[PDB]
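Written below as structure tokens is the structure these notes are about.
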Amino acid sequence: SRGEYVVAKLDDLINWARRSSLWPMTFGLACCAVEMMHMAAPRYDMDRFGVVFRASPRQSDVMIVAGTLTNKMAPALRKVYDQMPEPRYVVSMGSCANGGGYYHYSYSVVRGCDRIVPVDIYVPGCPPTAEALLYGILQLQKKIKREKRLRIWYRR
Amino acid sequence: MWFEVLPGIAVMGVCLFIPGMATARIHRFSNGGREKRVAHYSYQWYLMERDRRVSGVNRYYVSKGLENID
Amino acid sequence: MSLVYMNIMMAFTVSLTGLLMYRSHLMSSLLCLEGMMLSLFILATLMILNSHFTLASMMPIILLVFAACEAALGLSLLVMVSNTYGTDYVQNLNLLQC
Amino acid sequence: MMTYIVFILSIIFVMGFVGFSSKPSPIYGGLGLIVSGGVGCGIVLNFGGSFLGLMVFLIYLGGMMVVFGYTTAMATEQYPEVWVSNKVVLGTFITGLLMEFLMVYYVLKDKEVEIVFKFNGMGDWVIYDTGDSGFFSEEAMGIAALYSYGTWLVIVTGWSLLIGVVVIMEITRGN
Amino acid sequence: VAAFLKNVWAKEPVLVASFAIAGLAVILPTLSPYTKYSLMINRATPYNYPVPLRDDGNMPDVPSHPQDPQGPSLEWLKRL
Amino acid sequence: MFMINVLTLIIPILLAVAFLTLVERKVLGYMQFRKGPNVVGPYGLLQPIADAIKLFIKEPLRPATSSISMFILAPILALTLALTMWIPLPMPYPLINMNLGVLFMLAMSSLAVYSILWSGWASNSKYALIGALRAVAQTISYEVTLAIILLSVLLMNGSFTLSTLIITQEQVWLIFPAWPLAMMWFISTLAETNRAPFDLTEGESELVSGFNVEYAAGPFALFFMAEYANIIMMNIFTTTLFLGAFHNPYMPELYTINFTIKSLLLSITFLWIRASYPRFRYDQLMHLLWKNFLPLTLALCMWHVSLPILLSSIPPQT
Amino acid sequence: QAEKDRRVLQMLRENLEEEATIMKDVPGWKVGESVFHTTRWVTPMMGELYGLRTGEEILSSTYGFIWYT
Amino acid sequence: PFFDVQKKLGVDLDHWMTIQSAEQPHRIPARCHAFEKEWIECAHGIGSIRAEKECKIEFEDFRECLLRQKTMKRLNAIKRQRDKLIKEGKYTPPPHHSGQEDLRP
Amino acid sequence: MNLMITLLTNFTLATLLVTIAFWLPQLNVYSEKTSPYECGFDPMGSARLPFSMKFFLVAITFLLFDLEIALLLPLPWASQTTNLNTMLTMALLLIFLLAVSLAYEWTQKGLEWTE
Ligand SMILES: CCCCCCCCCCCCCCCCCC(=O)OC[C@H](COP(=O)([O-])OCC[N+](C)(C)C)OC(=O)CCCCCCCCCCCCCCCCC
Ligand SMILES: CCCCCCCCCCCCCCCCCC(=O)OC[C@H](COP(=O)(O)OCCN)OC(=O)CCCCCCCCCCCCCCCCC
Ligand SMILES: CCCCCCCCCCCCCCCCCC(=O)OC[C@H](COP(=O)(O)OCCN)OC(=O)CCCCCCCCCCCCCCCCC
Ligand SMILES: CCCCCCCCCCCCCCCCCC(=O)OC[C@H](COP(=O)(O)OCCN)OC(=O)CCCCCCCCCCCCCCCCC
Ligand SMILES: CCCCCCCCCCCCCCCCCC(=O)OC[C@H](COP(=O)(O)OCCN)OC(=O)CCCCCCCCCCCCCCCCC
Ligand code: SF4
């Protein structure tokens with residue numbers, strides 16, 4: 001049908017616009033934020049791919065959990081994720097933001113950021129290098145590209 | 001290198017070339033191939049109204065020359 | 001007279017009855033003062049431009065200058081009030097009743 | 001109904017005056033005074049005084065901006081009233097608009113009204129002059145004659161402004 | 001007064017420049033010989049119509065034609 | 001027919017704003033030893049399209065504690081004032097040939113501050129209030145010096161008409177006899193639009209985002225295009241004021257090309273200034289214009305009002 | 001000046017001749033009665049000339065210069 | 001008290017903006033210059049008590065020139081009668097009053 | 001005629017870009033996203049509290065100065081008058097009084113910020 005082709009092309013267009021204009025949030029906690037700034041360094045140059053940091057959650061696309069999410073910090077992270085407009089993606093990077101890392105058995109460490117916020121991409125390492133984080137960003141772009149929003153809306 | 005800032009800037013040049021000249025082209029289309037006459041002072045407006053009345057077509061840019069008189 | 005004269009005079013009377021009944025706030029009265037000044041300016045320049053009195057065109061703008069000669073002054077009569085009390089209510093200005 | 005353009009602008013002028021003279025909150029009073037100044041400069045610009053309208057627009061925009069800074073600083077409330085948060089403010093705004101539109105309807109019916117003076121109902125376009133003004137606008141030459149003729153006015157105005165500056169310094173001192 | 005001038009030029013040169021510009025702008029038009037040139041240039045600009053006078057019979061200073069040699073000419077303005 | 005003229009005025013300036021975002025990102029990257037966007041298309045030509053489509057399919061996020069009417073009116077007023085104030089600029093023939101275009105642009109530049117002020121006040125947040133009051137401080141810092149600079153530089157033109165400014169600069173540029181006024185005007189235009197080093201309202205260091213911290217996508221783009229159209233209009237205004245090009249009435253394209261490349265160089269100079277300077281404090285900017293610029297502006301105003309009388313060079317008013 | 005003088009005299013005469021045709025059955029009316037006690041010529045007012053014409057000429061005459069761009 | 005300093009010292013301060021018949025810039029005349037000139041020349045030196053009843057014709061004509069009340073009343077009556085005749089269908093507008101008029105120049 | 005057409009066109013083009021931005025996408029509103037943003041934690045107090053200003057004196061000075069320099073704006077046209085010495089003297093006197101007022105504000109520590 002022609003309507004299926006139309007909604008498929010529109011879905012491709014909006015996925016291209018959303019995946020080529022990722023706006024992360026300036027939000028770091030620990031070592032992995034230093035590696036994120038080294039991904040923002042002139043060598044790797046995230047702004048080539050349309051990735052540009054934005055300070056406010058209201059004008060941001062994704063959130064990169066870079067560091068250790070402790071017990072005193074989790075409500076703040078949850079509120080910051082809640083304030084972001086849809087569609088919203090979370091990239092968990094580093095061992096601390098994945099499963100607690102070095103501090104899995106600590107009393108005041110949340111064992112992974114999955115317990116607080118939904119996570120799209122898990123980036124392993126301590127720290128995962130700027131090349132690895134750029135690879136995770138490109139993997140997130142590939143995941144956004146194969147979204148099927150308008151096709152499912154036409155099917156539903 | 002640096003010269004790759006020159007394509008997009010060039011597009012900006014086109015984006016700053018289109019409007020203004022278009023107004024001139026518009027000013028060369030409505031006013032019959034001449035500039036749009038300016039009326040900063042009331043004497044110029046009175047001359048504009050006299051020309052519009054004397055053209056006979058209710059268009060001030062229709063210029064009647066010395067062949068009109070006897 | 002004309003019609004716009006009636007409307008500007010009605011605006012002046014509206015701002016006058018806005019000024020004369022206070023609503024426990026000094027800034028609102030200052031805004032009413034500025035509105036009456038604006039209405040007087042508009043009426044004066046309307047009459048002057050209608051009657052072709054060119055040499056009186058110095059009148060309104062100069063008039064407008066003296067607007068600040070009270071209006072900004074009113075603000076300088078507020079900050080001490082707002083240093084005397086935490087707010088700028090006109091019911092706090094009742095110490096001179098005895 | 002384009003011949004009554006100045007009348008319509010004056011209707012919006014009194015509408016804005018009713019809007020800010022009901023005193024809801026000085027933010028929205030400032031917005032109403034900005035709207036009133038805009039339509040007033042439109043009126044006087046329609047009468048030919050473009051310089052005077054632009055000048056009063058600029059002056060009142062600057063004054064209202066300083067006022068807004070003051071009310072944000074000093075004259076504020078936990079719950080400001082927009083127009084309907086207070087019964088008295090909404091009520092007096094409604095009766096102001098009702099009186100204005102009643103006067104409009106009465107003057108648009110028999111083209112004559114008696115409020116204390118006597119007013120017509122025709123548009124103001126009748127009272128214009130039919131001749132030209134040469135190579136100058138009268139209002140520009142009139143205000144430019146402030147320096148060639150009005151030496152006394154310039155002297156007293158400059159002295160008043162300097163004394164005003166000194167007065168502002170002296171009042172807000174504290175000791 | 002040289003020490004005061006040097007100190008105020010080392011501390012705040014902007015005020016020194018402003019006061020020098022102000023002093024030149026105040027004392028200079030009274031020294032230049034070209035102010036009267038501005039005076040008759042402003043007076044020689046014809047805003048209004050030169051309304052003629054009735055010929056009573058004894059007016060030797062005003063001409064009958066604009067091309068007559070009598071009258072206020074502006075060859076000085078063309079020369080300058 | 002006038003509809004065609006106004007749409008061909010307002011659509012290319014939106015395209016110019018989008019490609020100004022592109023040029024800003026790429027030039028600012030290249031001045032920082034790195035590359036700008038080049039992966040979206042051929043040399044990154046499709047990045048503004050991706051940004052614009054992305055921002056208009058996101059959620060608007062109107063807050064609950066914010067007065068919704070002013071929250072909607074403020075970006076509309078910002079974009080509107082950014083649109084209907086490009087008109088009196090002669091390019092080389094203005095769309096609206098106002099007799100008092102300079103005062104019109106002054107008044108509508110004073111009016112555009114209220115959009116920032118009501119955006120800060122409407123969204124119930126402390127950072128927005130701080131941004132709005134910093135905008136107020138910036139306005140009272142710059143406005144009087146800007147107006148006196150314009151008055152002193154218009155004493156050689158003859159009148160407030162922007163169309164006659166080309167005729168004034170037909171012989172020589174106006175930057176040669178008024179270069180201190182030109183420098184002070186450039187700093188005033190930098191501080192007017194809240195551009196670096198006088199940002200002070202969208203401060204990402206002292207604040208998070210300032211007055212537009214509660215404005216999500218859709219309304220947030222309006223402030224961005226308003227700001228960028230404002231910087232282009234300041235560049236064109238400065239070019240017309242101080243760098244008047246040769247105008248041929250038979251070939252307006254010569255003047256169009258000339259002031260286009262001059263305004264492009266002025267915008268490049270704006271971004272050149274942006275990448276190289278630390279942010280001013282907003283009390284130091286207040287003491288910058290009121291103590292250093294203002295006395296020199298007064299002295300230069302007296303000099304420029306006593307100069308043409310001194311030299312029999314009073315310009316005509318017709 | 002001569003053209004303007006003849007034009008306004010023509011317009012005033014045209015408005016005067018059609019005033020008698022419009023107002024002939026009204027009681028107490030006098031056609032062409034002045035409002036000034038003197039017989040000196042006064043400058044005609046815009047309502048006296050364009051009082052019986054269509055609105056396009058009104059907008060061209062009393063608002064044409066100010067609204068012109 | 002009115003200490004008339006200005007005529008005592010011969011110094012002109014605000015006598016030029018007092019009336020519209022004074023020395024205007026570039027000899028720009030007011031719209032009612034003749035009426036005000038006649039009223040001032042009529043009521044010069046005779047006192048206000050005599051001038052209120054001896055030069056009332058010139059002052060009434062000047063007030064009519066200032067506000068045009070009677071001209072508005074006459075124009076309103078003419079327009080009302082014309083609209084009433086149009087509504088009754090007894091009157092047709094002339095061709096020169098409808099747009100196709102061919103003015104003088 | 002043309003100015004209100006341009007104003008209406010620009011107002012319509014501005015006001016159409018929000019109703020497109022509102023009614024187009026998929027919205028999901030809950031009572032945690034639209035809270036005021038205070039860097040992850042809920043704020044203390046309201047944003048309608050008195051925000052004690054410091055530059056009130058310079059604000060009043062700007063209130064006077066805006067119109068006191070707006071008196072100086074007809075100085076181009078004032079260069080076209082026949083009487084030129086009087087105009088030059090009055091303009092120089094006006095700007096001199098402006099400079100005297102500014103210097104009096106500067107010397108009395110009026111430009112400095114409170115607290
Ligand atoms: C439009 C054309 C191009 C313009 C230039 C654009 C490109 C260059 C841009 C450079 C970067 C600007 C970034 C922002 C900078 C902000 C700070 C700033 O501007 O501060 C201003 C600073 C302020 O100084 P400050 O901030 O250091 O303050 C010093 C304060 N005290 C002294 C107390 C310590 O300077 C000025 O205000 C100077 C303004 C221009 C002066 C021009 C003088 C001309 C010559 C006059 C005569 C001199 C001779 C003597 C008299 C002779 C008489 C015959
Ligand atoms: C009945 C028929 C019509 C039916 C309705 C549909 C009409 C058309 C809708 C828009 C176009 C739909 C197709 C969109 C692209 C689909 C293909 C795609 O995704 O291509 C990917 C390619 C980049 O590939 P990438 O994965 O990034 O490669 C890695 C790089 N090493 O991407 C590219 O190379 C670039 C893709 C560019 C897409 C077109 C340009 C953007 C849209 C412009 C028009 C709309 C917006 C106009 C302006 C709005 C205001 C700014
Ligand atoms: C004032 C001047 C303003 C100028 C503004 C625009 C500047 C840039 C102009 C265009 C520059 C080139 C852009 C190229 C985009 C990428 C095209 C492309 O390769 O698309 C491929 C994509 C997927 O196709 P696929 O099926 O994978 O191909 C099989 C290959 N073996 O297929 C698709 O994505 C589908 C086809 C998309 C085609 C898009 C073409 C460019 C559209 C740009 C929008 C504006 C156009 C101009 C508007 C103004 C003039 C009218
Ligand atoms: C609730 C919030 C507000 C929502 C609505 C917002 C609307 C847009 C607000 C921004 C624009 C405000 C404009 C204010 C008036 C500006 C006047 C102006 O631009 O004048 C320019 C020009 C003067 O030139 P001049 O010397 O007269 O030339 C004649 C000889 N050719 O003039 C001319 O050449 C004359 C052209 C025709 C003029 C007609 C009369 C004036 C029309 C005014 C329209 C209404 C303005 C309302 C402003 C509200 C502000 C809050
Ligand atoms: C008659 C000439 C024209 C006069 C009228 C026109 C003036 C145009 C310029 C207007 C200037 C307005 C502002 C003036 C402020 C002066 C007072 C002042 O603020 O002095 C302070 C300053 C020392 O700085 P400080 O005390 O630290 O300041 C606090 C923060 N900086 O103190 C100083 O730096 C000293 C300031 C006074 C001495 C200046 C000397 C300048 C000499 C220039 C060359 C010769 C000029 C000859 C003309 C006569 C000059 C008196
Ligand atoms: S994962 Fe390792 S590098 Fe990253 S924050 Fe934890 S300890 Fe630091």
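Convention: chains lettered A, B, ... in structure tokens order; per-chain residue numbering from 1; ligands numbered from 1 as shown.
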Contact residues (chain D, partner chain G, 9 Å, only C-alpha atoms) as a count of residues only: 14
Check which residues fall inside 8 Å of ligand 4 when counting only C-alpha atoms and all ligand atoms, and print them as a short mmCIF file (atom, residue, chain, number, x, y, z; two decimals) with N, CA, C and O atoms, in the first residue's frame.
```
data_model
loop_
_atom_site.label_atom_id
_atom_site.label_comp_id
_atom_site.auth_asym_id
_atom_site.auth_seq_id
_atom_site.Cartn_x
_atom_site.Cartn_y
_atom_site.Cartn_z
N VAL B 38 10.31 57.66 -3.94
CA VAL B 38 10.31 57.90 -2.50
C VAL B 38 9.52 59.17 -2.21
O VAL B 38 9.53 60.12 -3.00
N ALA B 39 8.81 59.17 -1.09
CA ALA B 39 8.05 60.34 -0.64
C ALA B 39 8.40 60.57 0.83
O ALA B 39 7.69 60.12 1.72
N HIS B 40 9.50 61.28 1.06
CA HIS B 40 9.88 61.66 2.42
C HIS B 40 9.18 62.92 2.88
O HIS B 40 8.91 63.08 4.08
N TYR B 41 8.87 63.83 1.96
CA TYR B 41 8.25 65.10 2.27
C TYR B 41 7.00 65.28 1.41
O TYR B 41 6.86 64.67 0.35
N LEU D 9 -7.80 52.43 17.08
CA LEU D 9 -6.58 52.50 17.89
C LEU D 9 -6.84 53.17 19.23
O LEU D 9 -6.29 52.76 20.26
N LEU D 31 2.62 45.51 31.34
CA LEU D 31 2.27 45.00 30.02
C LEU D 31 1.13 45.82 29.39
O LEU D 31 1.19 46.17 28.20
N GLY D 32 0.11 46.15 30.19
CA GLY D 32 -0.97 46.98 29.69
C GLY D 32 -0.52 48.37 29.32
O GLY D 32 -0.98 48.94 28.32
N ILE D 34 2.52 49.13 28.30
CA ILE D 34 3.29 48.98 27.06
C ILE D 34 2.36 48.93 25.86
O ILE D 34 2.61 49.59 24.84
N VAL D 35 1.27 48.16 25.97
CA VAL D 35 0.29 48.09 24.88
C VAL D 35 -0.34 49.45 24.63
O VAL D 35 -0.51 49.88 23.47
N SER D 36 -0.69 50.16 25.70
CA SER D 36 -1.29 51.49 25.57
C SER D 36 -0.32 52.48 24.94
O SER D 36 -0.72 53.30 24.10
N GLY D 37 0.96 52.43 25.32
CA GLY D 37 1.94 53.30 24.69
C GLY D 37 2.14 52.99 23.22
O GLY D 37 2.32 53.90 22.41
N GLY D 38 2.08 51.71 22.86
CA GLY D 38 2.20 51.34 21.46
C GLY D 38 1.05 51.86 20.62
O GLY D 38 1.25 52.44 19.55
N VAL D 39 -0.18 51.69 21.10
CA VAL D 39 -1.31 52.18 20.30
C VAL D 39 -1.38 53.71 20.34
O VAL D 39 -1.83 54.33 19.37
N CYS D 41 1.34 55.72 20.36
CA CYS D 41 2.30 56.16 19.36
C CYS D 41 1.79 55.89 17.96
O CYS D 41 2.06 56.67 17.05
N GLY D 42 1.00 54.82 17.78
CA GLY D 42 0.32 54.62 16.51
C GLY D 42 -0.66 55.73 16.18
O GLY D 42 -0.75 56.17 15.03
N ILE D 43 -1.41 56.21 17.18
CA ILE D 43 -2.37 57.29 16.96
C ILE D 43 -1.66 58.57 16.54
O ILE D 43 -2.00 59.20 15.53
N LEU D 45 1.31 58.90 15.40
CA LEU D 45 1.95 58.68 14.11
C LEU D 45 0.96 58.78 12.97
O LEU D 45 1.32 59.22 11.87
N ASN D 46 -0.29 58.38 13.20
CA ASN D 46 -1.33 58.57 12.19
C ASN D 46 -1.67 60.05 12.01
O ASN D 46 -2.03 60.46 10.91
N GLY D 48 0.57 62.30 12.08
CA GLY D 48 1.73 62.86 11.41
C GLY D 48 2.95 63.03 12.28
O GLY D 48 4.05 63.24 11.76
N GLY D 49 2.80 62.95 13.60
CA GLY D 49 3.92 63.11 14.50
C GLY D 49 4.67 61.82 14.75
O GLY D 49 4.55 61.23 15.83
N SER D 50 5.43 61.36 13.75
CA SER D 50 6.14 60.10 13.88
C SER D 50 7.28 60.18 14.89
O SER D 50 7.51 59.24 15.65
N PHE D 51 8.00 61.31 14.91
CA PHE D 51 9.11 61.48 15.84
C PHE D 51 8.63 61.47 17.28
O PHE D 51 9.23 60.82 18.14
N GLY D 53 5.85 60.15 18.48
CA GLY D 53 5.38 58.82 18.83
C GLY D 53 6.51 57.85 19.10
O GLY D 53 6.47 57.09 20.07
N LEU D 54 7.54 57.86 18.24
CA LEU D 54 8.69 57.00 18.47
C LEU D 54 9.41 57.36 19.76
O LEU D 54 9.85 56.48 20.50
N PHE D 57 7.32 56.23 22.74
CA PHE D 57 7.38 54.78 22.81
C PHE D 57 8.68 54.31 23.44
O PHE D 57 8.68 53.48 24.35
N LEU F 73 3.39 33.91 25.12
CA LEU F 73 3.50 35.20 24.45
C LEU F 73 4.95 35.65 24.28
O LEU F 73 5.27 36.29 23.27
N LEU F 77 6.58 37.01 20.86
CA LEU F 77 6.99 38.41 20.77
C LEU F 77 8.45 38.52 20.35
O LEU F 77 8.80 39.41 19.56
N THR F 80 8.62 37.64 16.59
CA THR F 80 7.95 38.70 15.84
C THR F 80 8.82 39.94 15.74
O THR F 80 9.09 40.43 14.64
N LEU F 81 9.33 40.42 16.88
CA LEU F 81 10.19 41.60 16.88
C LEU F 81 11.48 41.36 16.12
O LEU F 81 12.01 42.29 15.50
N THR F 84 9.94 41.83 12.24
CA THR F 84 9.48 43.11 11.71
C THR F 84 10.40 44.27 12.09
O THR F 84 9.94 45.41 12.20
N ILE F 96 10.49 48.71 3.72
CA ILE F 96 9.76 49.85 4.25
C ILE F 96 10.74 51.00 4.36
O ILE F 96 11.69 50.93 5.15
N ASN F 97 10.53 52.04 3.56
CA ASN F 97 11.44 53.19 3.54
C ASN F 97 10.95 54.22 4.55
O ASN F 97 10.32 55.23 4.22
N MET F 98 11.24 53.94 5.82
CA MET F 98 10.84 54.84 6.89
C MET F 98 11.70 56.10 6.88
O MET F 98 12.90 56.06 6.60
N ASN F 99 11.07 57.24 7.18
CA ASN F 99 11.80 58.48 7.33
C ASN F 99 12.60 58.53 8.62
O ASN F 99 13.58 59.27 8.71
N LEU F 100 12.20 57.76 9.63
CA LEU F 100 12.83 57.73 10.94
C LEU F 100 13.19 56.30 11.31
O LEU F 100 12.87 55.81 12.40
N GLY F 101 13.86 55.60 10.39
CA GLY F 101 14.17 54.20 10.60
C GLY F 101 15.13 53.93 11.74
O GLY F 101 15.05 52.88 12.38
N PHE F 104 13.19 53.92 14.85
CA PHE F 104 12.35 52.72 14.82
C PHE F 104 13.14 51.50 15.28
O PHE F 104 12.66 50.71 16.10
N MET F 108 12.42 49.30 18.67
CA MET F 108 12.15 47.87 18.61
C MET F 108 13.29 47.02 19.17
O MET F 108 13.06 45.86 19.50
N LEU F 111 12.30 47.14 22.72
CA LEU F 111 11.13 46.30 22.97
C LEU F 111 11.48 44.82 23.06
O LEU F 111 10.78 44.07 23.75
N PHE G 65 -0.19 59.89 2.37
CA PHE G 65 1.22 60.21 2.58
C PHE G 65 1.80 59.45 3.76
O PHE G 65 2.91 58.91 3.68
N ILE G 66 1.07 59.40 4.88
CA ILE G 66 1.59 58.75 6.08
C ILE G 66 1.70 57.25 5.88
O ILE G 66 2.67 56.62 6.32
N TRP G 67 0.73 56.65 5.19
CA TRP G 67 0.73 55.21 4.98
C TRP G 67 1.63 54.78 3.83
O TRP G 67 1.79 53.58 3.61
N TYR G 68 2.22 55.72 3.09
CA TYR G 68 3.05 55.37 1.94
C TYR G 68 4.40 54.86 2.43
O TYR G 68 5.34 55.63 2.63
N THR G 69 4.47 53.54 2.62
CA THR G 69 5.70 52.81 2.95
C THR G 69 6.39 53.32 4.21
O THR G 69 5.92 53.11 5.33
N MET I 1 -0.41 51.31 5.32
CA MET I 1 -1.10 50.14 4.81
C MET I 1 -0.17 48.93 4.82
O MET I 1 -0.57 47.84 5.22
N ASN I 2 1.07 49.14 4.38
CA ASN I 2 2.02 48.04 4.28
C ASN I 2 2.59 47.64 5.63
O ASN I 2 2.96 46.47 5.81
N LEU I 3 2.69 48.58 6.57
CA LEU I 3 3.34 48.28 7.84
C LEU I 3 2.52 47.31 8.68
O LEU I 3 3.07 46.37 9.27
N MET I 4 1.20 47.52 8.75
CA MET I 4 0.36 46.57 9.46
C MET I 4 0.29 45.22 8.75
O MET I 4 0.15 44.20 9.42
N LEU I 7 3.47 43.57 9.87
CA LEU I 7 3.31 43.20 11.27
C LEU I 7 2.44 41.96 11.42
O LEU I 7 2.79 41.04 12.17
N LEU I 8 1.32 41.91 10.70
CA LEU I 8 0.42 40.77 10.78
C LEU I 8 1.06 39.52 10.19
O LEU I 8 0.87 38.42 10.72
N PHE I 11 3.67 38.33 12.76
CA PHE I 11 2.97 37.79 13.92
C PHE I 11 2.35 36.44 13.61
O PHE I 11 2.40 35.52 14.44
#
```
Nearby residues, ligand 2, 6 Å, only C-alpha atoms and all ligand atoms, as a list in words: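 The residues near ligand 2 are residues 6, 9, 10, 12, 13 and 16 of chain A; 41, 49 and 52 of chain F.
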Convert the current residue selection to file output with C-alpha atoms, as a CSV table (one decimal), in the first residue's frame.
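out-v5.csv was written with the following content:
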```csv
chain,number,residue,atom,x,y,z
A,6,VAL,CA,4.6,7.0,3.2
A,9,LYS,CA,9.6,7.1,4.7
A,10,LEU,CA,8.3,9.5,7.4
A,12,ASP,CA,13.0,7.1,8.3
A,13,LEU,CA,13.1,10.9,8.1
A,16,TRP,CA,17.4,10.4,10.8
F,41,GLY,CA,25.8,15.3,4.8
F,49,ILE,CA,17.8,20.6,8.9
F,52,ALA,CA,15.2,21.9,13.1
```
Contact residues around residue 80 (chain D) with only C-alpha atoms at 8 Å, ignoring same-chain residues under 4 positions, as a PyMOL selection string: chain D and resi 24-25+76+85
Given the selection you just returned, output its residues as a file containing C-alpha atoms, formatted as a tab-separated table (two decimals), in the first residue's frame.
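This is the output file again.tsv:
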```
chain	number	residue	atom	x	y	z
D	24	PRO	CA	-4.06	43.58	39.23
D	25	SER	CA	-0.27	43.28	39.64
D	76	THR	CA	6.13	41.30	44.81
D	85	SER	CA	-7.40	35.99	40.91
```
Within 7 Å of region 11-24 of chain H using only C-alpha atoms, minus same-chain residues under 6 positions, as a list in words: residues 53, 55 and 56 of chain C; 152 of chain D; 30, 33 and 37 of chain H
Site check for ligand 5: residues at most 6 Å away, only C-alpha atoms and all ligand atoms, as a count of residues only: 16
Residues of chain B within 8 Å of chain H, counting only C-alpha atoms, as number ranges by chain: B: 50, 53-54, 56
Contacts to ligand 6 at 6 Å cut-off (only C-alpha atoms and all ligand atoms) as a ChimeraX atom specification: /A:30-32,67-68,94-96,101,126-127
What are the nearest atom pairs, with distances in Å to one decimal, for all residues of chain E that come at most 7 Å from ligand 1, using only C-alpha atoms and all ligand atoms, set out by chain and rising residue number as JSON lines?
```
{"residue": "E:11", "atom": "CA", "partner": "ligand 1", "partner_atom_place_in_ligand_line": "32 (C)", "distance": 5.9}
{"residue": "E:12", "atom": "CA", "partner": "ligand 1", "partner_atom_place_in_ligand_line": "32 (C)", "distance": 4.4}
{"residue": "E:13", "atom": "CA", "partner": "ligand 1", "partner_atom_place_in_ligand_line": "32 (C)", "distance": 7.0}
{"residue": "E:14", "atom": "CA", "partner": "ligand 1", "partner_atom_place_in_ligand_line": "38 (C)", "distance": 6.7}
{"residue": "E:17", "atom": "CA", "partner": "ligand 1", "partner_atom_place_in_ligand_line": "51 (C)", "distance": 4.5}
{"residue": "E:20", "atom": "CA", "partner": "ligand 1", "partner_atom_place_in_ligand_line": "53 (C)", "distance": 5.5}
{"residue": "E:21", "atom": "CA", "partner": "ligand 1", "partner_atom_place_in_ligand_line": "53 (C)", "distance": 5.5}
```
Protein and nucleic residues near ligand 3, 10 Å, only C-alpha atoms and all ligand atoms, as a PyMOL selection string: (chain A and resi 9+12-13+16) or (chain B and resi 7-8+10-18) or (chain F and resi 11-13+15-16+18-19+40-49)
Residues flagged alpha helix (DSSP H) by DSSP in chain C, as an NGL selection string: :C and (4-20 or 26-51 or 58-84)
Check: which chain E residues lie within 12 Å of chain D using only C-alpha atoms, as a list in words: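 Listed by rising number, the hits are residues 45, 46, 47, 48 and 49 of chain E.
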All residues 9 Å or closer to residue 86 (chain A), only C-alpha atoms, same chain fewer than 3 positions away omitted, as a PyMOL selection string: (chain A and resi 61+89) or (chain F and resi 58-59) or (chain I and resi 26-28)
At most 7 Å to chain F: residues in chain A, only C-alpha atoms, as a list in words: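 For chain A, the answer reads residues 17, 18, 20, 21, 42, 45, 47, 48, 49, 50, 55, 56, 58, 59, 85 and 86 of chain A.
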